[PDB]
RNA sequence: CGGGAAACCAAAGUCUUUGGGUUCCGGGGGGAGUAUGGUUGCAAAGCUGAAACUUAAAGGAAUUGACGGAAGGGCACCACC
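Residue numbers (the deposited numbering), protein chains in the order written: chain E, 30 to 255; chain X, 1 to 83; chain C, 3 to 209; chain T, 1 to 126; chain b, 2 to 100; chain l, 1 to 25; chain Y, 2 to 130.
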């Protein structure tokens, strides 16, 4: 049918505020490090700019008295090519439900990505800010800054996540069992995620505090709301 | 982060732990922001003014946040440098 | 604080001495040691009574700093605190929970009991361990009443006291309700209060 | 043999007692008539089983509380153990003794002057 | 993989410990691997005591105890039901059974 | 105990081969 | 046995920084340790420090500010020439924008950026970032 | 604490943010601790020690089943008294 409103009504304090008042970006949700549990919050802020990618579909099974019982597991990545990326996984009895479930978890997992410069500071930033790494299982992944216009030097799996994150130039390295695509994807997303929590000399000045959104809008949640 | 024209280029600037001087990440759901009331000096009553602190999740789970909040409240005037 | 209008009076010190609040256990955890006066000749620790009043005023200054009183949540799963948390939540408009806490009340968004508070107060860290460990998923600050052998693992204000049972638990909740009502402006800092401490105590022999 | 009652019987009996406690009693043949007019029950054989467990529950409720059931008559006397008791007209009075190390702790806090004192044993009790 | 932290033996801070011979089968095993049982009982059973007290020559006598100490290997202790196998977390409990 | 018996089997074969060759010259 | 004192001093600071402690005690003291600490302090990575006399080599107490990611030692004191210094800072540093190698030279103990202004080579001691 | 494939380990930690000193020693599974030379011993034997040829896996930790002349509860005249 026709796409009218009221397909969503909030079930959390953050959802009640995002639908109504001047919460103006995801960055003021990240600043207070709040959990996101309604998928419609990220469609409100990023929306149709997000593009979607199925990395692998994988069968898994358990033994029973009668037969082997099979489920399908889908790996999905999502991003806007300008500083946001997410990864998600679900396992179901049918492939179409596994993909549809994986997209919701890939939206709830989105993080902010930091970018910087290899050389002199001309224009806008285009590479990782410093040498970083991430782990999952035995797999280790490592990212290194590069001069302007090299592109990404990597295997296929890490290249697709770095492209969706909006990084132009990068040198990369890996170790142990990369043939397991799930641990290779999570080790890459762990390295990308750490870029905004590495203490660097431009972040050394003293922090200035403000009230949180639940404190600024403390009466809006009471006077006409439940 | 600034470029050679002097303009800023970060998405946002993240907060740091008041006890420890380390960055609090976007998914650190064990972290907190504490808020504490000031009182007037003639009658011990709330005037609507307040002070705030932020604590890292790693310092909370090792049990050090109670002593950290106390040191911060003695460094500010609230506990008045005697005990 | 230093101020005379916030100083501990003789009549409060006699009420502490009368209820056993200053008497700890036979054991001490290394995080509680700064709250202790001495160990007796019989193996029992003495809690320092001036340390309690500073930490209780710091807790009241956190509770007053919340602009909607229903955003504060109050808990006791042991019986000795159940009458006390019900009276505390009547005197000032917090949300009480008494008896069994259901796992997932703070994190299962769909659940019939689901709630999302701004401050959490608990009667005993070892007994009330579910809402303490569950607060670590949702950015929720914590206040607790601690004995000499209490494990400090998620509490941000610990108040030194005997929390074993009887008159000592009820007195602490009554005195916390008195000072939050005083410094918010609802009762006098000099005239005695109309609510007797004995209203908060648990089940002395009735007849 | 087996005479255990299934959850369809046990839940319907509790919901009847919560709403209609003032109509009910110890006579099975009167309870059997009440349960037929306050509820729609598809079978005569199910109606007899529900009125049977209702008759068992009334004889329990006459002795004390049943954890799944609540009534005004039992809540208002709980509310009378709540509020204040008839036990005493004043608190247990603050005239209590002090040990020498608590006397020293109070001396450093600028207080005392209202308590008697005595010493403990010569060596730690075994 | 290793099943027990103590290797199933009491030996720590030592090289060699002397053997003993079992009370059922005379197998040879270390004094600190062997499963212990010290039994104290009456010479006369709880059924028989009344029949032997009434034929006694004395106006007061108390029937004596019998003392025996027993040693088993793992195979005899399991087969004679002196010990049972246990759950992976229950194996850690060192407290003896209740009375 | 198959490895200990394969070790014993090799020792008796080597004792035969020893005595056979050292007789020749 | 204790074959090198500068490696103890930096490993002791590095373990204290990771536990979140506000002070650390270094023992034994040395002329090399006091000159290395001074280079970190001048660039803003540690607070001020105090030396205790005991008639047996002495001790140092240092104040920590939470900014330091790592400090470390290269054990053989390899020689470096100005043409080869690029290879060492490509190996050891996290970015071209921050962090320092520390060298000993006949003009003194110094920062690898100062050795280029003074046109001098030397031996490697360690690094920080 | 932190580490690891995990079982587990206050060391088996302070490691891609990789350098305290120093000795012995491993390189897919077999043929093989074999043949041949040397050497020590009364003898049994110890020490040192190959190649031709052959092969797609051999192996470690853990999960769900099935199975036991393993243990503990309970049941059935298509089981027994």
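Note that CB positions come from ideal geometry on N, CA and C, so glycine has one too.
ask   = On the premise that residue 130 of chain Y lies in contact with residue 94 of chain Y, defined as a C-beta separation below 8 Å, what is that separation, rounded to the nearest angstrom?
value = 7 Å
message = Quick check: residue 43 of chain C and residue 66 of chain T, are their CB atoms within less than 8 Å of each other?
response = no
ask   = Under the DSSP definition of a beta bridge, which residues are partnered with residue 75 of chain C?
value = C:97 and C:122
task = Say whether the segment 138-153 of chain C touches the segment 95-109 of chain C, bearing in mind that this needs 3 or more beta-carbon pairs closer than 8 Å, one atom from each stretch.
result = yes
query = Below 8 Å between beta carbons: does that hold for residue 55 of chain X and residue 18 of chain X?
reply = Cβ atoms of residue 55 of chain X and residue 18 of chain X: closer than 8 Å.
message = Please classify residue 56 of chain Y as buried or exposed, where buried requires at least 16 neighbouring CB atoms within 10 angstroms.
response = exposed
key: Neighbourhood of residue 176 of chain C by C-beta, 6 Å cutoff - its chain only, sequence neighbours within 5 removed   = 199 and 202
query = So the beta strand (DSSP E) residue 146 of chain C belongs to, where does it begin and stop?
reply = 144-148
Unbroken beta strand (DSSP E) run spanning residue 128 of chain Y, endpoints = Where residue 128 of chain Y is concerned, the enclosing beta strand (DSSP E) stretches over 123-129.
ask   = Just the Cα atoms here: how many angstroms apart are residue 177 of chain E and residue 30 of chain X?
value = Each residue's alpha carbon lies about 39 Å from the other.
message = At the level of alpha carbons, what is the spacing between residue 79 of chain E and residue 90 of chain b?
response = 49 Å
message = I'd like the span of the beta strand (DSSP E) that includes residue 86 of chain E, first residue to last.
response = 80-92
request  = Say whether the segment 19-28 of chain X touches the segment 154-172 of chain E, bearing in mind that this needs 3 or more beta-carbon pairs closer than 8 Å, one atom from each stretch.
outcome  = no
message = Assuming contact is defined by CB atoms lying nearer than 8 Å, are residue 25 of chain Y and residue 13 of chain Y in contact in what I supplied?
response = yes
Reference residue 14 of chain C; option with closest CA among C:52, C:146, C:105 and C:116 = C:52
key: Neighbourhood of residue 102 of chain C by C-beta distance below 8 Å, restricted to the same chain and skipping five residues each side   = Its chain contains 79 as the residues whose beta carbon lies nearer than 8 Å to that of residue 102 of chain C, once the 5 sequence neighbours on both sides are disregarded; these appear in chain order.
key: For residue 18 of chain b, the three-state DSSP class (helix, strand or coil)   = coil
One or two residues paired with residue 35 of chain X in a DSSP bridge = DSSP links residue 35 of chain X through a beta bridge to X:52.
key: Extent of the continuous alpha helix (DSSP H) run through residue 8 of chain X   = Run containing residue 8 of chain X: none; DSSP gives neither H nor E here.
query = To the nearest angstrom, how far is it from the Cα of residue 58 of chain C to the Cα of residue 221 of chain E?
reply = Taking the straight line from one Cα to the other gives about 44 Å.
task = Note down, in chain order, each residue of its chain lying with its Cβ closer than 7 Å to the Cβ of residue 74 of chain X, except the 5 sequence neighbours on either side.
result = 81
inquiry  = I'd like to know if residue 228 of chain E contacts chain Y, where contact means its C-beta is closer than 8 Å to some C-beta of that chain.
reply    = So, interface residue.
task = Check distances from the C-beta atoms of the segment 145-163 of chain E to those of chain Y and list, in chain order, the residues that come in under 8 Å.
result = 145, 146, 147, 148, 158, 159 and 160
task = Would you list the one or two residues that DSSP bridges to residue 51 of chain Y?
result = Y:62
query = Just by C-beta distance, which residues in the segment 21-48 of chain X are closer than 9 Å to chain E?
reply = 21, 22, 23, 24, 25, 26, 27, 28, 29, 31, 33 and 35
query = Does the distance from the CB of residue 49 of chain C to the CB of residue 22 of chain C come in under 8 Å?
reply = no
ask   = Under the rule that 16 or more other beta-carbon atoms within 10 Å means buried, what is residue 167 of chain E, buried or exposed?
value = exposed
task = Can you check DSSP and say which residues form a bridge with residue 40 of chain C?
result = C:48
message = Quick check: is the beta carbon of residue 76 of chain T nearer than 8 Å to any beta carbon in chain C?
response = By this cut-off, residue 76 of chain T is not an interface position.
task = Answer with yes or no whether the minimum CB distance from residue 6 of chain X to chain C is below 8 Å.
result = no
ask   = Does any CB atom of chain Y fall closer than 8 Å to the CB of residue 59 of chain X?
value = yes
query = Is the segment 45-56 of chain T touching the segment 12-26 of chain T, taking contact as three or more C-beta pairs under 8 Å?
reply = yes
query = Listing by chain order, which chain Y residues have their CB less than 9 Å from the CB of residue 176 of chain E?
reply = Within chain Y, no residue comes near residue 176 of chain E; the closest Cβ sits about 10 Å away, beyond 9 Å.
query = Is the beta carbon of residue 152 of chain E sitting closer than 8 Å to the one on residue 136 of chain E?
reply = no
inquiry  = Check whether the segment 57-65 of chain X and the segment 151-169 of chain C touch, using three or more Cβ-Cβ pairs below 8 Å as the test.
reply    = yes
message = Just to confirm, is the Cβ distance from residue 59 of chain X to residue 21 of chain Y under 8 Å?
response = Taking 8 Å as the Cβ cut-off, residue 59 of chain X and residue 21 of chain Y qualify as a contacting pair.
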